[PDB]
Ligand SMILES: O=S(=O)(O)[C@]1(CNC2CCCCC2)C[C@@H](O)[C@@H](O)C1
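As C-alpha cells, one chain now follows by itself in the form deposited without this ligand.
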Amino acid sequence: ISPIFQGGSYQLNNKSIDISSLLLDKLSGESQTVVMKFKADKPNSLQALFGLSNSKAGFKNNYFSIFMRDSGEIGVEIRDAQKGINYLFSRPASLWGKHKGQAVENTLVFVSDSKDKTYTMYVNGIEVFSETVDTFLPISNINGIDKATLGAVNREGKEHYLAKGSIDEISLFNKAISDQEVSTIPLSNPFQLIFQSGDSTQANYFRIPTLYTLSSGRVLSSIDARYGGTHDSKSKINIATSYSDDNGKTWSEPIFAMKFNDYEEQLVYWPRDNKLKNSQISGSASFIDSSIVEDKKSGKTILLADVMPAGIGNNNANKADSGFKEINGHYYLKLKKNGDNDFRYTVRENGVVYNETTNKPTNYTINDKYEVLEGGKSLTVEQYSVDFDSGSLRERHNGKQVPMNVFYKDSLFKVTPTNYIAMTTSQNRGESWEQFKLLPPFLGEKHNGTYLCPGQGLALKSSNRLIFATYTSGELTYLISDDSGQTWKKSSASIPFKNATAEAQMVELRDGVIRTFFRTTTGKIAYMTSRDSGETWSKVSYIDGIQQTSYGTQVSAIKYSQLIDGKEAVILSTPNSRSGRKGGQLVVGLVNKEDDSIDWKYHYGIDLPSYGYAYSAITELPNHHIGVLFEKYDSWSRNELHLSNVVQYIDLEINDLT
C-alpha cells in the first residue's frame, strides 16, 4: 500500500516539530506501520523521535512514542491511563551513530498489528523485538490523542524527551506490513552480517568473532554459534566458520568447524526478563573461544577452541585435573563408566578403552569423533531439546538417537568434567573441517587445560613456526608447533596477575620479534615481547592512552603490511572506556626502529563513545583495506544479554583511520 503520510528532512535541534494537522486525521483502523530513516550522532541521554499524545492537562500518561537512548537502545511506549495500559518494549544496542566520521542513516520499521496483537521493531534490517500482548492497544486509539510530534512527546503542553538528530524520511501506513514487505525496504547500513539468526547454524546468538586472511586471498572467519542465549559455557555452543573470496563483500553460508549433537540445534528467543534471563542450558557439551592460523608449509588451516563436557564451563570445571593420565611420558584421556565412582578407564592407542584397575583392555573403542563403539558397533544416546513452554527452562529427550560421545551427559563412558583444548584442520581453506583432536596437557596431570585466546594464532613469516597463545592462572602459555600442528610444546611467560582473563593476541614486529598485547585487571592493556620466536618472553609493560574497565576486554591486533607516515605500523582494536564495553576504537601505532617502542598515533572511533563495542577481530584484507568483525554491544552488561545480530562486519581504509 501507499503511505497515508510521508515527510522528510526534519532537523531535530532540541525543539519538537508539530505534524498533527498533516497526520492525525489520516490515521485510521487499528494497525499501523511507521518507517523512519533518521540520524543521531549526538543524541541526548533519552530522546523521543516520534510521538502521538494526548497533550491535555491530566492525561500525561496517554501517549505513544518511539524513543532511543544514548546507549544505542531503541524502544516504544504505548500508554493509556483510562485503559490501564502502560506498555514499554525495547532492546539495547540497536543503533548506529557514526561510520567513517559521518552520521549513519538508520532505517527503523515499527509494525503495530491488531490482528495478531503484536508489536514488532526492526532497525537496519534486523528484528530487535517482537512482542505479543493479551490486550492490544492500537497506537492511535489512545484516549484523547491530539498531537503528532517529531523530536519530543507533548505532555500537558510541554516538550518531554527532547531529541537532537534528524529525520530524513518518515512514512506511516494504515496497515501492519508483513515481514516479507519489510525485507524489501531499502537500507543504508554501514555494516554487513557474516553470521546471523536463521542462517545454517540455527543459533539465534553469536559471540567471539575471529578473522584471518589466507594466502589465496580468501578471508576466513570463525565464531561461537551460541544457542542458549549469549551465555558462556555451560551452554550449547558450536564453532562455525564462513569465508569471503571477494575482500569481504560477500560471505559463504556458515558450516561447523566443531559441533556436538547431544542437544538439538535450536533457534530460541531467550528470555530477557530479570526472572528468567539467567536460564542456562545445563546438560549440553559445548565448544567456546576459537582461534585460527594458516600453515605455509602444509597449506592447512588450523582452528583451535576450548571444549567443555556436558554441563561444564569455566565456573565449575575441575581446576585440579587435566583429564589425562600420564603413563611413561605419554598422556591418555581418562574415562568414567556408568556406575563407577572413580575414573577407572583410559583411552589408549587406536582408541582402545582400557581398564586401569585390572590393566585389561575392554571391548570398547573410541572413534575419531570421540564416539563410543562396542565391538565395532556404534552406541547411541537420545538427544535433548530445550523449551520454555512451561514458563521455565526445560531440557528433555526428543526421541532422536545420535552417536554416543564421551563428552555427553548420557554417555556410557564420560570424560573428566574439566576444560580441554581441541584442534581441527581444513585442507580446503574452510570448505570443510576434519574431526577435532584433543591437545595434550601442557602443565601436568593435575592442572586443568589452559584457556585459548580467541582470535588468530601466529604464523611466523620467516619459518614454519606456529603459535597459539593461551592463558591460565599466573601466566600466558604459548603453544608452539614447528611441524604443521602435529606436535606442540609450551612456552610459559609469567604475568603479575592471579586468575586474570589474560586474552592475548600477537603481532610479528620484525623477523623473530613478537609483541603480544593482552587483557589485564588493571584498566590498561599490557604487552610483552619475544626476540627468539616465542622461546623466551620479556617482563610486562602497559599501554598508556587506552582505557579498559577493571575486568577488561579482549583486544585484537595486526601488523599492517604497508608503511604509515614512513613507519612500520601495528593496529589494535579494543573498546576505549573505563566504564563499560563501549567506545570502540582502532588505534594505529608506529614502531620506533631504535627500540621497538610503539607510538600510538591515531585513534579511529568505530562509532559513538557511548555505543557498545566488545570482543573484536581485525584483518588486513588482500586489497589492503581493514576488515573488522566485532560485538556491537556491551557483552559484560547484565542488561544486554541475549541480543541477536549484534556481531557485525565493517570495511575500513587506512585513510579513514588517520
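Heads up: residue numbers just count along the shown sequence, starting at 1.
Only in words, not in the display: the form solved in complex with this ligand, which the text now covers.
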> Exactly one stretch in 63-71, 594-602, 619-627, 32-40 has heavy atoms within 4.5 Å of this ligand in the deposited bound form; which is it?
Replying inline: 619-627
> Of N204, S322, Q456, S411, which residue is found within 4.5 angstroms of this ligand in the deposited bound form when only non-hydrogen atoms are counted?
Replying inline: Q456
> Looking at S392, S378, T522, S561, which is the one with a non-hydrogen atom within 4.5 Å of this ligand in the deposited bound form?
Replying inline: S561
>> With the partner left out here, check for me: in the deposited bound form, does some heavy atom of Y212 sit within 4.5 Å of this ligand?
In response: yes
